[PDB]
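As structure tokens, the next two blocks hold two forms of the same chain, structure 1 and structure 2.
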Structure 1
């Protein structure tokens, strides 16, 4: 059928959901909190919409001795293998999506790093790297969901500035985006920050922290 069947949300990707965890660096792990603010997954397989599928807040705590909190607002897209395939170069050719572009080798390696794909049919030059078959379940019916998140604004301590790739804080820079993977069976999230000018594989780990509140 011409529609995606699910609001247009997931159990572990819905407005109001909070996650906690960390982002790694070579010296230590840093506390991270994420709040999902909006979720608007596509209704149509042949969608024309370019509106972000997810928005939220990302907070990193105790980053340097003199910087106790960095709060950003991010937007993002959920890979659906159709309008939004695994390879960014095959996303709609629209300037609003430029911040999510990477080399096809970068996308392929990062998605494969989460470790959930099969070993068959890999192809660097196919838009889903060979990993989406028409008998595959539609994206929301698979165990693992793939997303990219791009931070666009720096917020104040009460959740200020528009970010850009060439200006930064002492302790945090903003040139890249996150590859993200959500396990729909457990709610666990992993991610990797990526930009070619930055060291590879700063790793995000998150688990939902307010499921009890949402379920009561």
Structure 2
């Protein structure tokens, strides 16, 4: 009859702050991420289609004029089952369309974090060959993989609403280290074969 309330993780819980940078050859910005809600996909029911994470981005001094730019983001957690590493095997619900990418994109981006074994990689398998009979469940592995996408502009981090050009088209591949709290990310834009790099630690 009843459904699980889920769990919160030491480094994936409401109220948690991270700080760091987003950078690339021509970009460097100080950024802060705050986790607002968590609904980990521990099982498959209706709630597992709702966002698994919601939070805010804050960019410091985006323009010479704007000292604080704040966006609201939503995201989903890889659990290798209903939400495998290959986004194209995600459920067919339309609200997940903004998180899709080609198989090779997902594959290369997940690999680039550098925490997978060297063995058994296949572009045609729903977890790219990285989740097997002897793998631990996602919450019990050291590294957790997520996809984040911003979808609203806000005024302050207290969250009132005030994003549709090309500079908003992609999404973040995200990797959390549960042992140290460090967070790495790649902002991927479909139409450009370069990314931006997100690096955060807990505040």
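Residue numbers count along the first chain shown, from 1. Whichever C-alpha set is largest while still superposing within 1.5 Å between the two forms counts as the rigid core.
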Out of 31, 49, 188, 40, the position with Cα displaced 2 angstroms or more between the two structures on rigid-core fit is 49
Core aligned, does the CA of residue 67 move at least 2 Å between the two structures?
yes
Would you look up how far the C-alpha of residue 197 moves between the two structures when the rigid core is overlaid, in angstrom?
1.7
Fitting the two forms on their rigid core, what distance in Å separates the Cα positions of residue 91 between the two structures?
0.3
